[PDB]
Amino acid sequence: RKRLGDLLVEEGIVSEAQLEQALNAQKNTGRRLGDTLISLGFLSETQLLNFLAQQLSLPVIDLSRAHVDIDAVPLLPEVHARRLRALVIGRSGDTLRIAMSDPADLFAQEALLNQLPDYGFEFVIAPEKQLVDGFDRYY
Amino acid sequence: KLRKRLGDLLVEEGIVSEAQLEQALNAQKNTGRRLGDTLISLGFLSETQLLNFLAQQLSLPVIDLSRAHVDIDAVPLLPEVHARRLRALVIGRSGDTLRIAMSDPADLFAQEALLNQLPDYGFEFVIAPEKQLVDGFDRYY
Ligand SMILES: Nc1nc2c(ncn2[C@@H]2O[C@@H]3COP(=O)(O)O[C@H]4[C@@H](O)[C@H](n5cnc6c(=O)[nH]c(N)nc65)O[C@@H]4COP(=O)(O)O[C@H]3[C@H]2O)c(=O)[nH]1
Ligand SMILES: Nc1nc2c(ncn2[C@@H]2O[C@@H]3COP(=O)(O)O[C@H]4[C@@H](O)[C@H](n5cnc6c(=O)[nH]c(N)nc65)O[C@@H]4COP(=O)(O)O[C@H]3[C@H]2O)c(=O)[nH]1
């Protein structure tokens with residue numbers, strides 16, 4: 001997979017110098033690169049969501065207007081959903097549609113496999129704020 | 001799971017050669033040593049290179065902990081004896097999320113321990129050199 005900074009440069013969203021500044025800043029915080037670029041004023045939140053979706057080849061969703069399957073939600077117990085920042089929003093056959101705010105999180109991906117074994121997975125990316133509101137709404 | 005396995009990553013990015021990888025895989029068997037450390041022992045890879053490519057493999061950043069922002073109030077959430085055992089330092093807290101620097105974020109045995117030790121906090125992981133972690137323990141406890 002292409003790295004996010006390189007993607008944003010190739011797409012003309014940030015310059016090489018801006019990317020280097022953010023990478024240097026990140027070495028001193030450990031915050032995510034996209035979040036760092038937003039702090040520096042070089043990237044917007046909407047761009048971050050859209051370009052993450054492009055990097056990972058996942059759809060963006062507006063959960064605030066989505067119609068969530070309320071019988072799919074409980075397949076992932078609340079304690080795990082909140083911890084992993086993941087919400088099961090649909091079930092077709094044995095494929096679950098799962099919204100995540102950090103779908104690039106390797107350890108969350110590993111955990112989800114452990115918590116929801118034997119299902120097919122389709123992922124969509126949502127803003128963390130919408131996920132958090134979703135947990136309150138659907139549990 | 002699934003990360004790209006480390007050998008293939010290092011070969012594809014032109015860090016180690018195919019024959020060297022095969023040599024290290026052969027040599028690693030039943031030594032108790034992981035692949036990166038085997039490659040380093042054979043002189044094909046450096047500690048810094050291993051750090052940087054583990055970070056790429058695990059999709060996390062390397063930090064310079066000697067200069068990094070550390071919430072010195074967040075540090076004590078993990079008692080010193082556990083921080084030292086697990087080679088893990090809590091450097092940020094916000095809501096129920098902790099940012100944790102580890103020398104080995106691939107250490108799942110340590111991760112399990114960290115999880116049971118800091119329950120009801122979720123984690124964001126970053127990697128730092130072990131020397132910097134230990135200096136951090138001396139500095140923040
Ligand atoms: N939800 C969310 N996801 C985000 C954000 N920023 C980055 N990501 C996604 O999450 C992964 C980890 O980001 P990171 O912690 O900044 O960790 C990054 C970062 O430290 C660094 N990195 C990212 N892009 C570049 C680059 O163009 N050049 C270099 N040298 N390093 C890069 O390598 C690590 C892995 O990069 P990736 O493969 O791109 O993988 C990224 C990316 O897929 C964010 O603000 N929010
Ligand atoms: N802190 C630290 N972490 C390390 C080091 N070396 C590897 N790791 C990480 O820890 C996991 C286990 O390494 P392993 O015991 O060598 O066990 C490895 C190794 O025996 C083997 N492996 C790795 N790469 C290759 C490869 O390219 N070809 C083959 N045939 N086997 C491979 O598969 C197992 C799993 O590989 P991975 O998915 O890459 O998962 C690796 C990797 O993420 C190290 O020196 N220090």
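Structure determination for this PDB entry is given in the record as X-ray crystallography, at a resolution of 1.371 Å.

Asker: For this particular structure, what's the right way to read the site of ligand 2?
Answerer: Residues and elements named next belong to chain B. In the vicinity of ligand 2, 17 residues are found, and the nearest of them are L6, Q28, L35, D37 and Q57. Measuring from an oxygen atom of ligand 2, one finds a side-chain N or O atom of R3 at 3.0 Å. Measuring from a nitrogen atom of ligand 2, one finds a backbone N or O atom of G7 at 3.1 Å. For the shell around ligand 2, the elements supplying multiple residues, two or more each, are α1 (6-12), α2 (18-28), α3 (35-41) and α4 (47-58).

Asker: Just checking my understanding: could you explain the site of ligand 1 for this structure?
Answerer: Close to ligand 1 lie 20 residues; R1, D6, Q26, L33 and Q55 of chain A are nearest. Each of chains A and B places residues near ligand 1. Between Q26 of chain A and ligand 1, the recorded distance is 2.8 Å, taken from a side-chain N or O atom to an oxygen atom. With respect to ligand 1, the backbone of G34 of chain A contributes an N or O atom lying 3.1 Å from a nitrogen atom. Coverage of ligand 1 by the protein amounts to 87% of the 760 Å² it exposes when considered alone.

Asker: Would you mind showing me how to read the domain arrangement of chain B here?
Answerer: One widely used convention gives an interface's size as the accessible area the parts lose upon coming together. All names here are of chain B. Splitting chain B by domain gives domain 1 (1-60) and domain 2 (61-141). One C-alpha centre belongs to domain 1, the other to domain 2; they are set 24 Å apart. Between domain 1 and domain 2, the contact holds seven residues from the first and nine residues from the second. Of the roughly 680 Å² buried where domain 1 meets domain 2, counting both sides, 78% is carbon and sulfur surface. Inspection of the region where domain 1 meets domain 2 yields zero salt bridges. Counting across the domain 1 and domain 2 interface gives zero residue pairs in polar contact. Grouping the amino acids of the side of domain 1 that touches domain 2 by side-chain chemistry returns five nonpolar, one polar and one charged.

Asker: Help me understand the nonpolar core in this model?
Answerer: In globular proteins that are soluble, nonpolar side chains generally tend to be buried together. Ranked by size, the top nonpolar core spans 48 residues in total, and within it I100 and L114 of chain B carry the most contacts. With six residues, the single largest contributor to this core is α4 of chain B. Discounting residues that sit within four places of it in the chain, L114 of chain B has contacts with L78, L86, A88, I100, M102, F123 and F125 of chain B. Grouped together as the second largest cluster of nonpolar side chains are 27 residues, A86, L112, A126 and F135 of chain A included.

Asker: What is the right way to read the pattern of salt bridges from this model?
Answerer: Counted by the stated rule, this structure contains 17 salt bridges over all chains. Residue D102 of chain A pairs with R32 of chain A through a salt bridge whose shortest N-O separation is 2.9 Å. Highlighted residues: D102 of chain A in the loop between β2 (95-100) and α6 (106-115) and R32 of chain A in the loop between α2 (16-27) and α3 (33-39), separated in sequence by 70 residues. Given the relative accessible area of 35%, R32 of chain A is considered partly exposed. With a closest N to O distance of 3.3 Å, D94 of chain A and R91 of chain A form a salt bridge. For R91 of chain A, a relative accessible area of 41% corresponds to the partly exposed category. By sharing partners, the salt bridges in this structure join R32, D35 and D102 of chain A together with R99 and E124 of chain B into a single network.

Criteria and thresholds
Residues numbered from 1 in each chain as written, not as in the entry; some residues may be left out. Chains lettered and ligands numbered in written order. Heavy atoms only, no water. Near = heavy atom within 4 Å. Polar contact = N/O pair within 3.5 Å; in protein donor to acceptor, adjacent residues only side chain to side chain. Helix = DSSP H or I, 4+ residues; strand = E, 2+ residues; numbered from the N terminus. Areas by Shrake-Rupley, 256 points an atom, 1.4 Å probe, with all protein chains shown as cover. Domains from an automatic or database assignment. Contact = heavy atoms within 4.5 Å. Buried area = accessible area lost by both parts, 1.4 Å probe. Salt bridge = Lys/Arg side-chain N within 4 Å of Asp/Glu carboxyl O. Nonpolar A, V, L, I, M, F, W, Y, C, P; charged D, E, K, R; others polar. Core = buried A, V, L, I, M, F, W, Y, C linked by side-chain atoms within 4.5 Å. Buried < 20%, exposed > 50% of the residue type's maximum accessible area, 1.4 Å probe, protein only.

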